[PDB]
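Below you'll find only one chain, the form deposited in one PDB entry, shown as structure tokens.
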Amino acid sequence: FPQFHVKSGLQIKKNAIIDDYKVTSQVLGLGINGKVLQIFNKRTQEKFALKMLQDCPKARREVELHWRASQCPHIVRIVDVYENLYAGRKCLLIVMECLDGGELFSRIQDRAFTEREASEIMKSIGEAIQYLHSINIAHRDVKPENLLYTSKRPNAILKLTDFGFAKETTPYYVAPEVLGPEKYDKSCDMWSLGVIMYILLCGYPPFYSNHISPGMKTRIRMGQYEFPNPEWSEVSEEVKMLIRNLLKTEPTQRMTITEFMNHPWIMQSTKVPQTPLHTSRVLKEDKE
């Protein structure tokens, strides 16, 4: 009879963090809610990440959510959380596993890149969002810089981070709506999969400037994007048809993750053609 649906709660440590870590000044990632500093476990040398919040309702929420989320091996692990006094104020100090193999597009950006790595990547991010949605959490800021590789070792796991914007989203014949209203917060995660998938396939976003920005906003609202050659020349209608169903402008039209995750292109990611893509070249050139 089911057990390991039982995992430990979060005990918030109250001792000062510097008992346990050396807080260096290296910013790993500026991020939301403050910054993200690299720190070091004192009694094992090992490497970790700190993000600091002034304590409040919002912050207790970030911590509650990210904690529930750490279960999933594609969300970045919360190792420890401290309540400490800093400069007179209460703080939550969030100690994360340190992921240091780079940002998704950063890694891609320096090497060839195939449709198949695209799909594999997209399966991964796909699992992180399936897990959030199944325990009723919407992330709400899935973006390139929140998608990080663990090491620089070429099978690094990719992991989703930053719960600064996350919200709880809340008879065998009862319909989903009858088990209580979901707003529509859960489908921006899906738009996001869309935008990432697009970038992965070609090196640039479906919607950008021209500095052209009242024009970008229209283009977004209007859902005007396209699949220009050369980059999209060898990309199958199947793949294009998927992005179109994520980038729908009407949120109640997009696919759910369950539908995403069942798509033959994600489900059998390891069977997709290894078709060579521009992603990495477009990525060196378009740095600017």
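Here, rigid core means the biggest group of C-alpha atoms that superpose within 1.5 Å across both forms. Residue indices: 1-based, along the sequence shown.
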(Q) Tell me whether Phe165 is absent from the model in at least one third of the other entries compared, counting only those where the residues either side are present. (A) no
**Q.** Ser213 dropped from a third or more of the other entries of this protein
**A.** yes
Q. According to the entry, are there none, 1 to 3, 4 to 9, or 10 or more residues of the deposited sequence without coordinates between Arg111 and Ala112?
A. 1 to 3
Q: Report, from the record, the number of residues in the deposited sequence between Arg153 and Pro154 that have no coordinates, as none, 1 to 3, 4 to 9, or 10 or more.
A: none
Q. Comparing 30 to 38 with 245 to 253, where is the mean C-alpha B-factor higher?
A. 30 to 38
Q.
Can you tell me whether 213 to 221 has a higher mean C-alpha B factor than 118 to 126 in this record, or the other way round?
A. 213 to 221
Q. What third of its chain's C-alpha B-factors does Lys159 belong to: lowest, middle or highest?
A. lowest
Q | Where the record places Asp55 (Cα B-factor, split into thirds across the chain) | A | highest
Q: Using the B-factors in the PDB entry, rank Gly194's C-alpha atom against the chain and give the third, lowest, middle or highest.
A: lowest
**Q.** CA B-factor placement of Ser236, once the chain's modelled residues are sorted into thirds
**A.** middle
Q) In terms of the CA temperature factor given in the entry, to which third of its chain does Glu226 belong: lowest, middle or highest? A) middle
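One more form of this protein exists, namely the form deposited in another entry; it is left out here, but the text below deals with it.
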Q: Would you indicate which listed residue, out of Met52, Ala59, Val235, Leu28, moves its Cα by 2 Å or more between this form and the one not shown relative to the superposed core?
A: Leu28
(Q) After a rigid core superposition, would you say the CA of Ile157 moves by 2 angstroms or more between this form and the one not shown, or not? (A) no
Q. Once you line up the core, how about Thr249: does its CA shift reach 2 Å between this form and the one not shown?
A. no
Q | Flag for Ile39, CA shift 2 Å or larger between this form and the one not shown after aligning core | A | yes
Q: Work out whether the Cα atoms of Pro228 and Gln224 come closer together or move farther apart in the other entry than they are in this form, the change being 3 angstroms or more.
A: closer
Q. Any idea whether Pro176 and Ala69 get closer or farther by CA distance in the other entry, knowing it moves 3 angstroms or more?
A. farther
